[PDB]
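Undergrad: After the structure tokens below, expect a handful of questions from me.
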Amino acid sequence: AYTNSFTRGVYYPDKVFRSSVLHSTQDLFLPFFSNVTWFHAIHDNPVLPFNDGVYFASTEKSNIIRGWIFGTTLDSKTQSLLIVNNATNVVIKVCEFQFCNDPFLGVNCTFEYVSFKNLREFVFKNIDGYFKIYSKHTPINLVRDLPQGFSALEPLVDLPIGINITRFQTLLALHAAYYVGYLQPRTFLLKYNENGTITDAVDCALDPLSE
Amino acid sequence: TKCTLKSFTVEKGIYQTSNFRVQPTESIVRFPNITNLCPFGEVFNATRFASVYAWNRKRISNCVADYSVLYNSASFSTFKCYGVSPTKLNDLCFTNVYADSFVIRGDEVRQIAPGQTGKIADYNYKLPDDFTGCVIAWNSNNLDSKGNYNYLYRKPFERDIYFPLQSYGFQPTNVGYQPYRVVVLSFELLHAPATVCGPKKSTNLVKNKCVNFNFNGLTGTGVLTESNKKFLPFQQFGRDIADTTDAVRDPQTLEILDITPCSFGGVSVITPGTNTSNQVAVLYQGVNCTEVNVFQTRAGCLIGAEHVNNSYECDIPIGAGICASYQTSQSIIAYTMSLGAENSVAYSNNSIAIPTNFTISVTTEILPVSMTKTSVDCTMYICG
Amino acid sequence: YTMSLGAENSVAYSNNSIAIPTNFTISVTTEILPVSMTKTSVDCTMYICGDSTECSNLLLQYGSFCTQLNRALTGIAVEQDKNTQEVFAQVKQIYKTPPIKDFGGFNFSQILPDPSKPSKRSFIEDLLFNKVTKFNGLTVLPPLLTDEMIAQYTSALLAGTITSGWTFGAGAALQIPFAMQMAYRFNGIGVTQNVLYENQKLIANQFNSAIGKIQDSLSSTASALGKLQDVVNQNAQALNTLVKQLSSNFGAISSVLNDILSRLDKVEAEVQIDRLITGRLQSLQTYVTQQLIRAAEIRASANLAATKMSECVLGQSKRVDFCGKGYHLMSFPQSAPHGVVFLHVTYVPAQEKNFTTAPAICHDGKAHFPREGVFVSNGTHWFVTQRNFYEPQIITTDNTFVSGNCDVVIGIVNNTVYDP
Amino acid sequence: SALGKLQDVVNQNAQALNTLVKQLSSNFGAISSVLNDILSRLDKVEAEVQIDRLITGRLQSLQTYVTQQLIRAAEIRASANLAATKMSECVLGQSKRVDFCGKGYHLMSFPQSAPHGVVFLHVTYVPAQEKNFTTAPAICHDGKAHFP
Ligand SMILES: *[C@@H]1O[C@H](CO)[C@@H](O[C@@H]2O[C@H](CO)[C@@H](O)[C@H](O)[C@H]2NC(C)=O)[C@H](O)[C@H]1NC(C)=O
Ligand SMILES: *[C@@H]1O[C@H](CO)[C@@H](O[C@@H]2O[C@H](CO)[C@@H](O)[C@H](O)[C@H]2NC(C)=O)[C@H](O)[C@H]1NC(C)=O
Ligand SMILES: *[C@@H]1O[C@H](CO)[C@@H](O[C@@H]2O[C@H](CO)[C@@H](O)[C@H](O)[C@H]2NC(C)=O)[C@H](O)[C@H]1NC(C)=O
Ligand SMILES: *[C@@H]1O[C@H](CO)[C@@H](O[C@@H]2O[C@H](CO)[C@@H](O)[C@H](O)[C@H]2NC(C)=O)[C@H](O)[C@H]1NC(C)=O
Ligand SMILES: *[C@@H]1O[C@H](CO)[C@@H](O[C@@H]2O[C@H](CO)[C@@H](O)[C@H](O)[C@H]2NC(C)=O)[C@H](O)[C@H]1NC(C)=O
Ligand SMILES: *[C@@H]1O[C@H](CO)[C@@H](O)[C@H](O)[C@H]1NC(C)=O
Ligand SMILES: *[C@@H]1O[C@H](CO)[C@@H](O)[C@H](O)[C@H]1NC(C)=O
Ligand SMILES: *[C@@H]1O[C@H](CO)[C@@H](O)[C@H](O)[C@H]1NC(C)=O
Ligand SMILES: *[C@@H]1O[C@H](CO)[C@@H](O)[C@H](O)[C@H]1NC(C)=O
Ligand SMILES: *[C@@H]1O[C@H](CO)[C@@H](O)[C@H](O)[C@H]1NC(C)=O
Ligand SMILES: *[C@@H]1O[C@H](CO)[C@@H](O)[C@H](O)[C@H]1NC(C)=O
Ligand SMILES: *[C@@H]1O[C@H](CO)[C@@H](O)[C@H](O)[C@H]1NC(C)=O
Ligand SMILES: *[C@@H]1O[C@H](CO)[C@@H](O)[C@H](O)[C@H]1NC(C)=O
Ligand SMILES: *[C@@H]1O[C@H](CO)[C@@H](O)[C@H](O)[C@H]1NC(C)=O
Ligand SMILES: *[C@@H]1O[C@H](CO)[C@@H](O)[C@H](O)[C@H]1NC(C)=O
Ligand SMILES: *[C@@H]1O[C@H](CO)[C@@H](O)[C@H](O)[C@H]1NC(C)=O
Ligand SMILES: *[C@@H]1O[C@H](CO)[C@@H](O)[C@H](O)[C@H]1NC(C)=O
């Protein structure tokens, strides 16, 4: 299944304050009005391609989705980034795992690290071996699907792992609605208000008016 | 004014002779208040360096780095740096530093650079083409040769664990055939709060005064002030339209400082001709007199001219309705210009004025019509 | 679509037909002109090498580029004051209006000063001032004349124009009653002055209503100021371009010059800094070249505005379509940000009758010709009348002059001529 | 100081040439501004790097001068078209154009030559000694309104 991304998936491109200004930036972004693939883990945890980078989201009330796996082959022949959220902690490893036959959470580790009503949005990308993560949490007024309205994600993490990633998967809690979109290299014109905050954007390649 | 015009005679007028800038009173140094010494003395003494097919990366973080301990050492066969000069490493600072630590054949040290190529740099140690850091290496024949056959070889920072897997045979009798230990320091300037900085001490902070600041190795000069620029918690600096820094967060106390550049302006000199007087007045354009007879015009602080309460024709222009002249008791005066004598025309619905007489005036008007016909032989001008 | 050039009109010409306007409309047409632009100056050394000695010592190797750029911007900055002086300072004395405004029913209260204001602008000058809207070594110098001084000059020019006709331009101002000034201005367009005095209330009401429409036009339609607002926008766009070019790398490791001087030691750094100097200097030469060419366009507009002030405000113009559409009567100047606005007052003829006409009239052998105006017929009778307003008069030896006889002239007509 | 406009056009051109000549003394980042130093001190593969800096600088300096002279020549041409218009309307005619042909009502103008320019002696009638009078737009005779 599919749905329209609308204007979702904008994020602060760098750790720099700017205000009352329209800023042109080129980066991996989710294209405006692209189609996110959609999933329903009832009565749905496949391995996806990673492409250049991933936007990811879920619409929530019970927090079933709790992690991700990334790599080339995910089968102990090479290192593979595991990301887990476990009740309060975040736990991250790159070990040469052979994962479960059907990866879920029960209700050479060269790098390791530690730290519906809700929509939670994430972006993952790899550049020069730096795995970067951005996110946002928000309430939603529409229960059924992604809201046709604007908000932007902020950075949380950067992992200097150097590992090749071309595939990924997501992890579910057992004794669920989630979305995936692919980033592309796009020029975005970003509107910053008085308060350091991105309030609107133009994906310049979308249509001739956006150009 | 004479030196500006390249002349001993100066005509009556106003001349921009120089540009004034308020000088920084003192320097301000603001590094994070962190005190651990960095672990480089461990890295350069590690018991077993990695094979180059499987090179180790150590994250240096949360520490103070005296790079002189490395750079002064007699050990290193090379210390080449590609985005920084090694003399500056104690003054500059970083979010993290990554040490890539491994062993290679001495001939192959040539492959470790930005933009270089060859079988290591292709298969198992590609640097970024914009590599911002230093390659530190030395001959390790006496440490690592035996032969010894353990040292195996096969995008930027690609790790890739018949097939291409092979090892050097390091006997101590091997010179370019010998093992070399190499540590490549890659520096994370890419923005966040700094956590790897040189041993240079922080001063106290100063506000509301012109100072030569340095925050985490961002040097500059300006008037620092508390500000309503409400940074989001991840943001470390704010940038102007010019990409010059416009606000900062102090790394020891997380308040946001506006940076405004120190006051500056053109130094106009107002003069009657040298063929009249040697007295002059100075207009510091746009500058407030508290930042420099003295008189605040709307055009700038004016010095050496008397403000006069009358008004006259504009003899030498200044700006914003102010003009100046040299007048008797002789001195330069500055005054609001008179636009002309005021005249209530004697109008009423049945009065007319008719001239009973005339004057045949003659008024000269002068117009340029041509200018000196130059020609330049561009090859003789350029090449002689 | 293929554009249409205008409505299509076969004019009803024939060898004996003339159309004469039986009535007029006084029209007031606003013309807006740029006169100056913001007096910028850039300290080229602080733009290129801001607060670095290490960069400034390299910039001295480029010789007198920096000083001739500061000279070129200073030449532009001074000629903005010259332009502003030439447009407004055409009046030798600050004339001021009588206390009582007995201008024969004409009502200048919307264009004359209002003493209620903090700067003594008129009502229409306030609309114009409402509808029209950098630490990197950039600076803005003030104009030599404040907007209050420009409002004193537009007040003086206007108070002269109202109380004294053209006379305040040519010599000492002579008072003349405003109805009699307009009567001269009607003779100036070849309309016999009794056409004013017989219609003075109508002409005053047309003028007062036309001034009223200017306030509604300027209040509703901000795009009318487009010439002045574009001069502001072009200068802001040029400065924003000049400033954004500081952020460009030009092939150096970083455009922020303090990065180069903190990261690199002198013999490594000077190679990088010379790229920034070369790029920034070429960018500043580009800005100064654009400003010199733009300043020449503003000077052409200021010379035109000064010419309109001289010929159109201080006088009455015979130059067709120079002083707005229609036959010109008079113009009132109004100040605006970096410009001037003329309210050109003009006579437009408005209600035609077709008539039969003739070049001459045969009386007894003699061919009579009109002294001024044209011979015209309503079909049964022949009248002479002035060219620009239908006013039939009996044909007489006072209205006409003889020359030669009937045999010489093509299309002459027989009629009596009354000899008073 | 009456000749100020003509003396200024002479000064601007002399100032431009003296600037263009003095730029030959500038290094532009070469090891000397005297081209014979480079050619007497260096062999060609070394020298051509230095000479290319002088060529780039001197050529950019000459492009700047020619750009100034093109813009200045347009200013002088606009003044020459104004002077030609004054000759045509003001000398060869009499002008109704208020304040075009000197202050006052224009009678005639005499041209006189000057270095790089022209000077017009505009002869103008200026009215000079008022009397006040009571006035009227029209006069009643026997019922008829008479106008002048
Ligand atoms: C990341 O892994 C993929 C495989 O999942 C690599 O793709 C192969 O690259 C080789 C050349 O090195 C090609 O000959 C193969 O055809 C590719 N295989 C597939 C299935 O596409 C990729 O090169 C790796 N990238 C890095 C930087 O390690
Ligand atoms: C002159 O014309 C103006 C309008 O063009 C008249 O001004 C109005 O005057 C009345 C009071 O008489 C006020 O209530 C209005 O607010 C005024 N309008 C404006 C826009 O100012 C003025 O009355 C006229 N005066 C004469 C003598 O005709
Ligand atoms: C000349 O034209 C004007 C309009 O421009 C005529 O004046 C209008 O006349 C009507 C009645 O016919 C009145 O209701 C309007 O109020 C008048 N307007 C103005 C501005 O006063 C005028 O009557 C015409 N005169 C002739 C002789 O035809
Ligand atoms: C042409 O003009 C004349 C004069 O205005 C008109 O003749 C007068 O007409 C009125 C009636 O409309 C008579 O009372 C007068 O006695 C006539 N005077 C003369 C001198 O004859 C004439 O009617 C007009 N013709 C047309 C076709 O309009
Ligand atoms: C103007 O009137 C005269 C008579 O008053 C006309 O002259 C006569 O014209 C006819 C026809 O050509 C001749 O037969 C007569 O001999 C003419 N008489 C005289 C005294 O010349 C004349 O034709 C009329 N012209 C117009 C334009 O109507
Ligand atoms: C995108 O989704 C819309 C419905 O949201 C659908 O009509 C369209 O065919 C989809 N296109 C692609 C390329 O998935
Ligand atoms: C999360 O997992 C780690 C081990 O991976 C464990 O130490 C930690 O206590 C866990 N936290 C919670 C709240 O379960
Ligand atoms: C780590 O590498 C060794 C060989 O060096 C291998 O035997 C082991 O299986 C690897 N670890 C994992 C978790 O597979
Ligand atoms: C900016 O943020 C503050 C709270 O940080 C808020 O009160 C204010 O309304 C915001 N500005 C605008 C234009 O809403
Ligand atoms: C290696 O360790 C010794 C002490 O065991 C120390 O003196 C030396 O400085 C270290 N090497 C480096 C390069 O710092
Ligand atoms: C740094 O030191 C000051 C006292 O000198 C202390 O108040 C402040 O909390 C410290 N900041 C950090 C980031 O540790
Ligand atoms: C210059 O000085 C001389 C006397 O040295 C004097 O005669 C002359 O009038 C002066 N000129 C001006 C313009 O002041
Ligand atoms: C000039 O600076 C002083 C403080 O030094 C301030 O009180 C004054 O208001 C300033 N004047 C202007 C015109 O800004
Ligand atoms: C100027 O005049 C004002 C009153 O108009 C007076 O207060 C002030 O002291 C005078 N200043 C001088 C220097 O004469
Ligand atoms: C004048 O008369 C002609 C007769 O054909 C007519 O076409 C034309 O429209 C008329 N014009 C006016 C202004 O009455
Ligand atoms: C006007 O033209 C007609 C034919 O169209 C001709 O009969 C008549 O004589 C001409 N009249 C004049 C005055 O030319
Ligand atoms: C004309 O008469 C008035 C009477 O008040 C007087 O003010 C004015 O000065 C007189 N003007 C001349 C030129 O005599």
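Residue numbers start at 1 in each chain; chains themselves are named A, B, ... in the order of the structure tokens; ligands are numbered from 1 in the order shown.
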Write as a PyMOL selection string the residues around ligand 16, taking 6 Å as the cut-off and counting only C-alpha atoms and all ligand atoms.
TA: chain C and resi 15-16+411
Undergrad: Would you put the residues from that selection into a file with N, CA and C atoms, as an mmCIF file, in the first residue's frame?
TA:
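Result saved to result.cif:
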```cif
data_model
loop_
_atom_site.group_PDB
_atom_site.id
_atom_site.type_symbol
_atom_site.label_atom_id
_atom_site.label_comp_id
_atom_site.auth_asym_id
_atom_site.auth_seq_id
_atom_site.Cartn_x
_atom_site.Cartn_y
_atom_site.Cartn_z
ATOM 1 N N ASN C 15 -13.278 66.056 -47.082
ATOM 2 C CA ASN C 15 -12.721 67.343 -47.496
ATOM 3 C C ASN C 15 -13.454 68.604 -46.987
ATOM 4 N N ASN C 16 -14.607 68.498 -46.326
ATOM 5 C CA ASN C 16 -15.335 69.642 -45.776
ATOM 6 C C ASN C 16 -15.953 69.392 -44.395
ATOM 7 N N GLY C 411 -12.333 75.226 -52.692
ATOM 8 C CA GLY C 411 -13.348 74.951 -51.668
ATOM 9 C C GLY C 411 -13.858 76.158 -50.874
#
```
Undergrad: Could you please extract the residues within 7 Å of ligand 10, counting only C-alpha atoms and all ligand atoms, and hand them back as a list in words?
TA: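 Those residues are residues 40, 41, 42, 44, 45, 69, 70 and 73 of chain B.
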Undergrad: Find the residues around residue 289 of chain B up to 12 Å (only C-alpha atoms counted), leave out those fewer than 2 positions away in its own chain, and share them as a tab-separated table (two decimals) with N, CA and C atoms, in the first residue's frame.
TA:
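See around.tsv below for the written result:
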```tsv
chain	number	residue	atom	x	y	z
B	22	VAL	N	36.85	51.27	16.00
B	22	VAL	CA	37.09	51.13	17.44
B	22	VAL	C	37.91	49.87	17.68
B	263	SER	N	32.25	49.61	16.33
B	263	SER	CA	31.85	50.80	15.58
B	263	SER	C	32.94	51.30	14.62
B	264	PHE	N	32.55	51.68	13.41
B	264	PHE	CA	33.46	52.10	12.35
B	264	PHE	C	32.81	53.14	11.43
B	265	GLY	N	33.62	53.92	10.72
B	265	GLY	CA	33.13	54.90	9.75
B	265	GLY	C	34.23	55.68	9.04
B	282	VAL	N	36.97	67.52	11.48
B	282	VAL	CA	36.92	66.10	11.14
B	282	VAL	C	35.54	65.55	11.42
B	283	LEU	N	34.90	64.93	10.43
B	283	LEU	CA	33.64	64.22	10.60
B	283	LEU	C	33.91	62.72	10.62
B	284	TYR	N	33.69	62.09	11.76
B	284	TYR	CA	33.66	60.64	11.89
B	284	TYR	C	32.26	60.16	11.49
B	285	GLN	N	32.06	59.83	10.22
B	285	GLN	CA	30.74	59.50	9.66
B	285	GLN	C	30.07	58.38	10.46
B	286	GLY	N	28.79	58.51	10.81
B	286	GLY	CA	28.00	57.47	11.46
B	286	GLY	C	28.37	57.12	12.91
B	287	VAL	N	29.59	57.41	13.35
B	287	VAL	CA	30.10	57.10	14.69
B	287	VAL	C	29.52	58.06	15.73
B	291	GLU	N	32.09	57.06	21.31
B	291	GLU	CA	32.95	56.00	20.77
B	291	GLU	C	34.27	56.54	20.17
B	292	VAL	N	34.44	57.86	20.06
B	292	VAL	CA	35.68	58.50	19.57
B	292	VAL	C	36.58	58.91	20.74
B	293	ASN	N	36.63	71.38	20.12
B	293	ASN	CA	35.17	71.44	20.06
B	293	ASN	C	34.60	70.15	19.45
B	294	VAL	N	33.54	69.58	20.03
B	294	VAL	CA	32.94	68.30	19.61
B	294	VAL	C	31.42	68.40	19.56
B	295	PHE	N	30.81	67.89	18.50
B	295	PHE	CA	29.40	68.11	18.19
B	295	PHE	C	28.80	66.90	17.46
B	296	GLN	N	27.77	66.27	18.01
B	296	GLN	CA	27.10	65.15	17.34
B	296	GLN	C	26.15	65.68	16.26
B	297	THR	N	26.54	65.61	14.99
B	297	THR	CA	25.59	65.78	13.88
B	297	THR	C	24.79	64.49	13.67
B	298	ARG	N	23.69	64.54	12.91
B	298	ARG	CA	23.01	63.31	12.46
B	298	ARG	C	23.84	62.49	11.45
B	299	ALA	N	24.78	63.13	10.76
B	299	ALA	CA	25.71	62.47	9.84
B	299	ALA	C	26.89	61.76	10.52
B	300	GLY	N	27.20	62.09	11.78
B	300	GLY	CA	28.35	61.55	12.52
B	300	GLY	C	28.91	62.54	13.54
B	301	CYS	N	29.86	62.09	14.34
B	301	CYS	CA	30.54	62.98	15.28
B	301	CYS	C	31.45	63.95	14.53
B	302	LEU	N	31.27	65.25	14.73
B	302	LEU	CA	32.05	66.32	14.11
B	302	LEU	C	32.96	66.98	15.14
B	303	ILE	N	34.24	67.11	14.83
B	303	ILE	CA	35.27	67.62	15.74
B	303	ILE	C	36.00	68.79	15.10
```
Undergrad: Let me see if you get this right: every residue at most 8 Å from ligand 11, counting only C-alpha atoms and all ligand atoms, written as a PyMOL selection string.
TA: chain B and resi 32-34+251-254
Undergrad: Could you turn the residues from that selection into a file that holds N, CA, C and O atoms, as a JSON list (two decimals), in the first residue's frame?
TA:
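Result file is result-v9.json:
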```json
[["chain", "number", "residue", "atom", "x", "y", "z"],
["B", 32, "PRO", "N", 35.41, 25.03, 26.36],
["B", 32, "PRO", "CA", 34.64, 24.29, 27.36],
["B", 32, "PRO", "C", 35.48, 24.06, 28.61],
["B", 32, "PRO", "O", 36.68, 23.78, 28.52],
["B", 33, "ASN", "N", 34.88, 24.12, 29.80],
["B", 33, "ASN", "CA", 35.55, 23.87, 31.08],
["B", 33, "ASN", "C", 35.66, 22.36, 31.34],
["B", 33, "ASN", "O", 34.95, 21.80, 32.18],
["B", 34, "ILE", "N", 36.56, 21.72, 30.60],
["B", 34, "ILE", "CA", 36.87, 20.29, 30.65],
["B", 34, "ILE", "C", 38.38, 20.07, 30.83],
["B", 34, "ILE", "O", 39.17, 20.90, 30.39],
["B", 251, "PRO", "N", 30.53, 28.20, 25.70],
["B", 251, "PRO", "CA", 30.64, 26.78, 26.03],
["B", 251, "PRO", "C", 30.72, 26.48, 27.53],
["B", 251, "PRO", "O", 30.50, 25.34, 27.91],
["B", 252, "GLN", "N", 31.02, 27.46, 28.39],
["B", 252, "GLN", "CA", 31.05, 27.27, 29.84],
["B", 252, "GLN", "C", 29.72, 27.61, 30.52],
["B", 252, "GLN", "O", 29.44, 27.09, 31.60],
["B", 253, "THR", "N", 28.91, 28.48, 29.92],
["B", 253, "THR", "CA", 27.61, 28.88, 30.45],
["B", 253, "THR", "C", 26.68, 29.18, 29.29],
["B", 253, "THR", "O", 26.90, 30.10, 28.52],
["B", 254, "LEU", "N", 25.63, 28.38, 29.13],
["B", 254, "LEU", "CA", 24.93, 28.18, 27.86],
["B", 254, "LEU", "C", 23.97, 29.33, 27.46],
["B", 254, "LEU", "O", 22.94, 29.09, 26.83]]
```
Undergrad: Report as a PyMOL selection string all protein, DNA and RNA residues lying within 8 Å of residue 62 of chain D, evaluated on only C-alpha atoms, omitting residues in the same chain fewer than 4 positions from it.
TA: (chain B and resi 378) or (chain D and resi 20+58+66)
Undergrad: When the cut-off is 7 Å and we count only C-alpha atoms, which residues of chain D are near chain B, given as a count of residues only?
TA: 32
Undergrad: Show me which bits of chain C are within 6 Å of chain D, counting only C-alpha atoms, as a ChimeraX atom specification.
TA: /C:61-63,170-171,310-311,315
Undergrad: For N, CA and C atoms, I'd like the residues from the last selection saved as a PDB file, in the first residue's frame.
TA:
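What follows is the written file out_3.pdb:
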```pdb
ATOM      1  N   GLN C  61      49.329  44.684  -2.360  1.00  0.00           N
ATOM      2  CA  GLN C  61      50.010  44.281  -3.595  1.00  0.00           C
ATOM      3  C   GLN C  61      49.172  44.558  -4.843  1.00  0.00           C
ATOM      4  N   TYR C  62      47.851  44.649  -4.713  1.00  0.00           N
ATOM      5  CA  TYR C  62      46.928  44.988  -5.797  1.00  0.00           C
ATOM      6  C   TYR C  62      46.868  46.498  -6.073  1.00  0.00           C
ATOM      7  N   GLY C  63      47.679  47.301  -5.384  1.00  0.00           N
ATOM      8  CA  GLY C  63      47.858  48.717  -5.681  1.00  0.00           C
ATOM      9  C   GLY C  63      46.635  49.573  -5.380  1.00  0.00           C
ATOM     10  N   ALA C 170      10.811  83.364 -13.624  1.00  0.00           N
ATOM     11  CA  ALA C 170      11.444  84.374 -14.465  1.00  0.00           C
ATOM     12  C   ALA C 170      12.018  85.584 -13.709  1.00  0.00           C
ATOM     13  N   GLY C 171      11.480  85.957 -12.555  1.00  0.00           N
ATOM     14  CA  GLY C 171      11.936  87.135 -11.819  1.00  0.00           C
ATOM     15  C   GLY C 171      11.469  87.134 -10.371  1.00  0.00           C
ATOM     16  N   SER C 310      11.512  72.890 -14.301  1.00  0.00           N
ATOM     17  CA  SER C 310      11.724  74.157 -14.989  1.00  0.00           C
ATOM     18  C   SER C 310      10.630  74.481 -15.995  1.00  0.00           C
ATOM     19  N   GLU C 311      10.293  73.567 -16.898  1.00  0.00           N
ATOM     20  CA  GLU C 311       9.408  73.880 -18.026  1.00  0.00           C
ATOM     21  C   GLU C 311       7.936  73.681 -17.707  1.00  0.00           C
ATOM     22  N   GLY C 315       6.651  76.967 -15.426  1.00  0.00           N
ATOM     23  CA  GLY C 315       6.113  77.482 -16.683  1.00  0.00           C
ATOM     24  C   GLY C 315       4.802  76.818 -17.089  1.00  0.00           C
TER      25      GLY C 315
END
```
Undergrad: At a cut-off of 12 Å and counting only C-alpha atoms and all ligand atoms, what residues surround ligand 8? Please answer as a list in words.
TA: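 I would give the residues around ligand 8 as residues 74, 75, 76, 77, 78, 79, 80, 93, 94, 95, 96, 97, 98, 99, 108, 109 and 110 of chain A; 54 and 161 of chain B.
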Undergrad: Could the residues in this selection be saved with N, CA and C atoms as an mmCIF file, in the first residue's frame?
TA:
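What follows is the written file out-v7.cif:
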```cif
data_model
loop_
_atom_site.group_PDB
_atom_site.id
_atom_site.type_symbol
_atom_site.label_atom_id
_atom_site.label_comp_id
_atom_site.auth_asym_id
_atom_site.auth_seq_id
_atom_site.Cartn_x
_atom_site.Cartn_y
_atom_site.Cartn_z
ATOM 1 N N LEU A 74 22.982 -8.620 6.517
ATOM 2 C CA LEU A 74 22.313 -8.879 7.808
ATOM 3 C C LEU A 74 22.423 -10.355 8.274
ATOM 4 N N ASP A 75 23.563 -11.005 8.020
ATOM 5 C CA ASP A 75 23.734 -12.466 8.142
ATOM 6 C C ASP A 75 25.133 -12.884 8.649
ATOM 7 N N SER A 76 25.731 -12.091 9.542
ATOM 8 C CA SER A 76 27.027 -12.336 10.201
ATOM 9 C C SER A 76 28.279 -12.324 9.304
ATOM 10 N N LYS A 77 28.139 -12.306 7.972
ATOM 11 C CA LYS A 77 29.265 -12.150 7.022
ATOM 12 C C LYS A 77 29.968 -10.789 7.114
ATOM 13 N N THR A 78 29.320 -9.798 7.728
ATOM 14 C CA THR A 78 29.841 -8.444 7.959
ATOM 15 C C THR A 78 29.118 -7.773 9.131
ATOM 16 N N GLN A 79 29.651 -6.650 9.602
ATOM 17 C CA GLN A 79 29.075 -5.835 10.672
ATOM 18 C C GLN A 79 27.706 -5.268 10.265
ATOM 19 N N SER A 80 26.784 -5.134 11.215
ATOM 20 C CA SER A 80 25.422 -4.666 10.940
ATOM 21 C C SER A 80 24.884 -3.841 12.102
ATOM 22 N N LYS A 93 24.514 -1.081 18.567
ATOM 23 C CA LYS A 93 25.651 -1.990 18.329
ATOM 24 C C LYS A 93 25.903 -2.132 16.833
ATOM 25 N N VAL A 94 27.095 -2.569 16.426
ATOM 26 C CA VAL A 94 27.383 -2.914 15.013
ATOM 27 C C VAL A 94 27.902 -4.338 14.793
ATOM 28 N N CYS A 95 27.718 -5.226 15.768
ATOM 29 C CA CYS A 95 28.295 -6.568 15.771
ATOM 30 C C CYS A 95 28.004 -7.366 14.482
ATOM 31 N N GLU A 96 28.811 -8.388 14.210
ATOM 32 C CA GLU A 96 28.584 -9.330 13.105
ATOM 33 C C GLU A 96 27.460 -10.330 13.429
ATOM 34 N N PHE A 97 26.276 -9.827 13.769
ATOM 35 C CA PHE A 97 25.143 -10.636 14.205
ATOM 36 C C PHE A 97 24.629 -11.585 13.121
ATOM 37 N N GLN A 98 24.220 -12.785 13.531
ATOM 38 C CA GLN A 98 23.172 -13.518 12.830
ATOM 39 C C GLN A 98 21.879 -13.256 13.613
ATOM 40 N N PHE A 99 20.998 -12.422 13.066
ATOM 41 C CA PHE A 99 19.739 -12.056 13.713
ATOM 42 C C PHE A 99 18.735 -13.218 13.744
ATOM 43 N N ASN A 108 31.578 -9.327 16.125
ATOM 44 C CA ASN A 108 32.662 -8.379 16.380
ATOM 45 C C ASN A 108 32.106 -6.958 16.545
ATOM 46 N N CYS A 109 31.789 -6.592 17.785
ATOM 47 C CA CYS A 109 31.132 -5.341 18.167
ATOM 48 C C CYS A 109 32.092 -4.132 18.149
ATOM 49 N N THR A 110 32.632 -3.796 16.975
ATOM 50 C CA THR A 110 33.649 -2.736 16.781
ATOM 51 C C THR A 110 33.180 -1.324 17.149
ATOM 52 N N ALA B 54 41.548 -4.095 8.101
ATOM 53 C CA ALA B 54 40.667 -4.078 9.266
ATOM 54 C C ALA B 54 41.072 -2.988 10.281
ATOM 55 N N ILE B 161 35.807 -6.173 5.218
ATOM 56 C CA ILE B 161 36.275 -7.421 5.836
ATOM 57 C C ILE B 161 35.924 -8.633 4.969
#
```
Undergrad: From a backbone DSSP assignment, name each residue in segment 204-378 of chain B labelled strand (DSSP E or B), as a PyMOL selection string.
TA: chain B and resi 210-215+218-219+222-226+237-239+245-249+256-260+264-271+281-285+294-296+300-303+306-307+316-319+322-327+331-336+342-344+351-355+358-368
Undergrad: For ligand 7, return the neighbouring residues as a PyMOL selection string (distance at most 8 Å; only C-alpha atoms and all ligand atoms).
TA: chain A and resi 85-91
Undergrad: Check which residues fall inside 9 Å of ligand 4 when counting only C-alpha atoms and all ligand atoms, and print them as a count of residues only.
TA: 8
